[PDB]
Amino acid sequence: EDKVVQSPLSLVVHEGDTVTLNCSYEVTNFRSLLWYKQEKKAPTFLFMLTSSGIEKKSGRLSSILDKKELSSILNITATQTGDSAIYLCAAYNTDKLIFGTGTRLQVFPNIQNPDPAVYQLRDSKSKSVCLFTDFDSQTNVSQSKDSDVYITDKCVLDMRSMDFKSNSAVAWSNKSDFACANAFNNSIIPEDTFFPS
């Protein structure tokens, strides 16, 4: 009833990839194996497996148990950004759930035609922020080097009716020295990034 081992520890893929998640268990009085999806904090129940070689299939998600090999697979086909989560394996030993430590999956949009740009946005009322957007998912946004400058990580938004996803990060500051031209200087951004006047 001791241990559940998950693999890989973490995985980053583009949308459309198939991923395979593995769970092995060493538990006395093993009864069943469960898979959960934890997007943020609260786990979502996916599958319970008790018999070997019987696939459970929930759309693009599927799972199967092999009691002889003491292991289970969770397969996700044609991944979507919304699949990004920690996936948890747990074994039931007739007494309690024994949780694995999880596999972190991140799925990034596959930006076919990047249009990297840093736009300056003004306040509806009366500071200002800089918006770095439309870059490809391999671009990395560095945190700020100055504690009076704030820079968020990249974030994916989905304009669902347009079948259009895009990355962006936000920077702001009230410092005099701060400008969209230099906002993301601690990051490596494309040489052809659009900087409006």
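Numbers for residues come from their place in the sequence shown, where the first is 1.
The deposited sequence places no unmodelled residues between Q112 and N113, so the chain runs continuously there. Look at the C-alpha B-factors of 30-38 and of 158-166. On average they run higher in 158-166. Legend: mean Cα B-factor per stretch from the PDB entry, 3-11 versus 188-196; the higher mean is in 188-196. Across the residues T152, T50, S58, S147, the deposited record lists the maximum Cα B factor for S147. In the deposited coordinates, the residue among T44, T133, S137, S62 with the greatest CA B-factor is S137. In the PDB entry, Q120 places in the middle third of its chain by CA B-factor.
Compared with the other modelled residues of the chain, the Cα B-factor recorded for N174 ranks in the highest third.
In the deposited entry, the Cα temperature factor of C23 sits in the middle third of values across the chain's modelled residues. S126: CA B factor in the highest third of modelled residues in this chain (values from the PDB entry). In this PDB entry, the Cα temperature factor of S71 sits in the middle third of its chain's modelled residues.
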